[PDB]
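Same chain, two versions here, written out as C-alpha cells and called structure 1 and structure 2.
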Structure 1
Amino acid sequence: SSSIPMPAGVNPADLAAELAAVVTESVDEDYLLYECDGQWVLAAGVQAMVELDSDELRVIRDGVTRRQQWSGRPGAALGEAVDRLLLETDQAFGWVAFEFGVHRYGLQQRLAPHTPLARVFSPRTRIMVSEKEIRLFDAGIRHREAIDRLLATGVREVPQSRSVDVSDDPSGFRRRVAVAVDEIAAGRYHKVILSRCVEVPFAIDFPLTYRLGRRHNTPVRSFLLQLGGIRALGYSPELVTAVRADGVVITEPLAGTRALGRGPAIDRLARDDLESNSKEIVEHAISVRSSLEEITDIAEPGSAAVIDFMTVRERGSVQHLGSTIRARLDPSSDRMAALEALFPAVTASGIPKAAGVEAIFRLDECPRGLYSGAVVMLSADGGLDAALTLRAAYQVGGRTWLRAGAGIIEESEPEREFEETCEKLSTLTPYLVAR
C-alpha cells in the first residue's frame, strides 16, 4: 500500500466519484464506491464474484464459474463464500437484496427461480479517499497512471441537473396504500412500508449525479456502483447492521419523519413537533423494541442495550427520530447471522415482520431487489458494515428509475402517503445529471 496527499480545495466525495468515473471507464471495469465514516473506499475491478440466488450459489473467477446447490439459511451460504473470498483480500463489497430477508419469516417458497439475494465481490484494487489523503492498495501501473492523469487534470464541474416529474401514479400506489389500510383495520398487522418506482426518461450520469446529490444529503453511508450490469447510487439514512472485529454489533433504527431542507425557521418547528409528537414517538418506540428483540437472537445474554434513544437525525430532505442499539455477538453466532436477524430492516418492511414482509409481496412490485436491501462492506478480520438502501437511483438494461416508499399505519391516508413519497424522492430528483 502507498499513499498520496489530498489536493487542497478538493472534497474527497468529488474526488472519489471522479476516480470511479474516469479511471474505471478507461479500463472498462465494474466497481463499487462505499462512503463509511469520512473514508470513500473505491473497490475497483472484480477479482472474484459471489452470486447468491434463491436456487443457486455461483463463484466466478477469471472466466470460470463454480456452481453449487444450497439449503438452510441464506446467510450461512453467503457467509461461507465470502469467508473464502476474504482469505485472498482484506475487504469484499456488494449488495444484498430485500429478498435475502424473507427466509427467516418463512417466505422462501414465494421467490421465483433465479431471484437474486446477494452479489459480493473481491476487488482487484482499492483506492481510499479522505480529507487527508488517497491510499492505494494493489493499483497496477495502468490504474496509477490514470489516477495521475485525473489528479493532473482536476475534477469536472458538475453541470446543471435535468428534472423529472414524480407526481404521476402509474403503479397505483394510492390504491395499494388503501388495501394496506383496510388490512391494518382488520388487525392483520400494525404497519407496512409500500413503495412506488418512478421512471427516469433519460440516461443519467451516475458519478456526476452522485456528486451533486451528495452536497444536499447528510448520509450515514453512501454508495456509487456499476456491477454485473446494474448501475446504482444512493444516500443511506441508517445502518441496518455493523459488526466490528471485536464482536460489537450495532443497529440504528430510524422511525418518525418530518420535512427538512425548507429553511431554518420551518425546520425548527418541524423538529419540535417531531420530538414531542405522540404518533411519531409511539412508532419509534415500537421499532426500537422490535429491533432489540431481533438483536437479542444473536447477542451474548444481557449484552443488548439502547445506547442512543429517540434523538433527531438529520437526513437532507427529511429529519427522523433515531436510536442506536448495541450488543456483543454471541460466540455461537456470526456476522451473517447478525445481518439475517436484523433483515429486512424494520424501517423499510413492517410490524410484525412476518405479516409485514408478506404484505409487501402482495401489495408492492416484487422483487424489490436492491431497494430496501443493503449495500455491504466486509473485512477479513470479521467486520461487516451494512447500509440500508433507500434514496437510490438504478439503471438496469435500458431502464433508469427511482423508488421511494412510506410506512402505512391504521390512520394513514393515500394522498398524504403519496406526498410523503414525493418528499422522499426530493432528496434525489433535483440532482439528476443527464448523460
Structure 2
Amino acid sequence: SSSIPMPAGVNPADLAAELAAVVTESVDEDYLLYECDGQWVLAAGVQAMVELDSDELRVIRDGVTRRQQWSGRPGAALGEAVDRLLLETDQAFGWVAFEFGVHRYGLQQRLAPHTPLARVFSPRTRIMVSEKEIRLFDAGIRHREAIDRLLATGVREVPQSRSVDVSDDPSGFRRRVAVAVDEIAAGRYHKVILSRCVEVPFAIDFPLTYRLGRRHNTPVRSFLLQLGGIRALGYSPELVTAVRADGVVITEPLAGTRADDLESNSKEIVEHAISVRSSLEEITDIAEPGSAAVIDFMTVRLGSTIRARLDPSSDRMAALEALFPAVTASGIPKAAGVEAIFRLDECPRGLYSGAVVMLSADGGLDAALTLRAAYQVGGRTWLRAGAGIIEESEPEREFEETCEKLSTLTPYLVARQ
C-alpha cells in the first residue's frame, strides 16, 4: 500500500501540487515540493528545522529551540546540523540564500544581524509522484485519503490567471545598470548580474500558479513551498550543484537564454564559455586531483556539464560553497561581481539566485538555482528577474530583457480566492 500506481492521463505536477494544497488544507503545516528528474517529491510537515542565520544557528524540534553562535564557514555549520538531521531520516529539504555564498568572497561582515543563510528541514511525510507511481514514506490516513480523493474526483480546474504590470521601475534598475556599465568601462570587473523586484498587487494561490506555470515551462528543476514565513515557487533554469553518494559532483551552468542574431549568439557563447571556465576553476577546489573536467560542452539534450570527484578531505556543503553563489547569477570576476551586487542591487537577495535543496542521508545533494520564481513573505507578494550586465549593455535593452524573463511567470499568476 506504500506504492499506489499512477493513473494514466494524470499529470504528476498537477497531482503533486494538489496533494500539497489538500494535505495542508486543515493541518496548517509547512511543506516543500521538489521536482527532480521526473520525480515530484512532496516533503510534508516539519519534524525538525535547521535555521542558519549570519549570526546564529537554531535547531527546532518538538516545540523546543536550541540557539547557538557559530564560527568558521557557513557550509561547515550547516553541514554539521544537516548531517545530524539525517542520522535518523532519509532526506532533508530546504533553501539556501544568495548570502550563504558571500563568506567565500570576504563579504560576511556586510551582512546585517539576523540575515537568513539557510533553512533545512526533515519532513514528517514524503510523497513521491512520477509518471510511473506514487510512493509514500511515513504517511498516515490523511495522506492516503488525500490521494484516493484526488484520483477519484480529479484535481481542481485551474482558474483564469490575473494580469500584472511589470513595466514600472521603482528600484531604479536602469540607473543601477548605468553605474555597473561605468564600473565595467573603468575596469573594476567584466560582468555583473543586476535584478529588480516586481510587486504583485494581489495575493496569489501558490499551488494553482505552480500548476499553471508548470504547464508552460519545462525547467531542469521546479519547486513549490511554504516554510516559515515564506511561500515560494519557481521553474529553475539551472542545476547549480549535484553530489552523488559515490562522490561524483556536477554543475550544469545555463547555456544561454535560448538553452543581429549572430552578434547576440556570439555574446551568449562568450558568457557561457566564461561561466564554464569559472565553474571549472572553482570545482577544482573540492576535486580529487585530475578529476575536474567539462564532459559536455554546449550539447543538445542546450547545456554544459562540469564534473569532478569529491575529494575525501571535502564534503557536499564545501562543494555547494565552492560553486556559490552561481556564476550565472553573480558576475566576473566572482569576488568583484558579488561585491558590486551588495552596492548595486536590492540586498539581501535571499531566495533569489540562492538555491532550493534536497539532501540525502547517503551524502547526496541536489541544488537548483532560484530564478524564474514568485515569493510571498507576510503581506508582500513579488517576482524578481535580472540580466547579465557587460560593458556594451544598454539600460533600456536590459530592462526589456528582465521583462522577457518575467514573461514566463506573469501570464500564469492565479489570484487567491
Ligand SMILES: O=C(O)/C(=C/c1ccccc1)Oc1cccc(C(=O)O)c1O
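Here, a residue number simply tells you its place in the sequence of structure 1, counted from 1. In this text, rigid core is short for the largest set of C-alphas that superpose within 1.5 Å between two forms.
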Practice task
Would you check which of the pair is the form deposited with this ligand bound?
Solution key: 2
Completion exercise
Among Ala245, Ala203, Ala186, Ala152, the C-alpha that moves by 2 angstroms or more between structures 1 and 2, rigid core fixed, is that of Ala152
Practice task
Classify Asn277 as shifted (yes) or not shifted (no) between structures 1 and 2, where shifted means its C-alpha moves by 2 Å or more with the rigid core superposed.
Solution key: yes
Exercise for the section: Would you say whether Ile141 is displaced between structures 1 and 2, judging by a C-alpha shift of 2 Å or more on the superposed rigid core? Expected result: yes
Fill in the blank from the handout: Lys132: Cα shift between structures 1 and 2 after core superposition, Å, came to 1.3
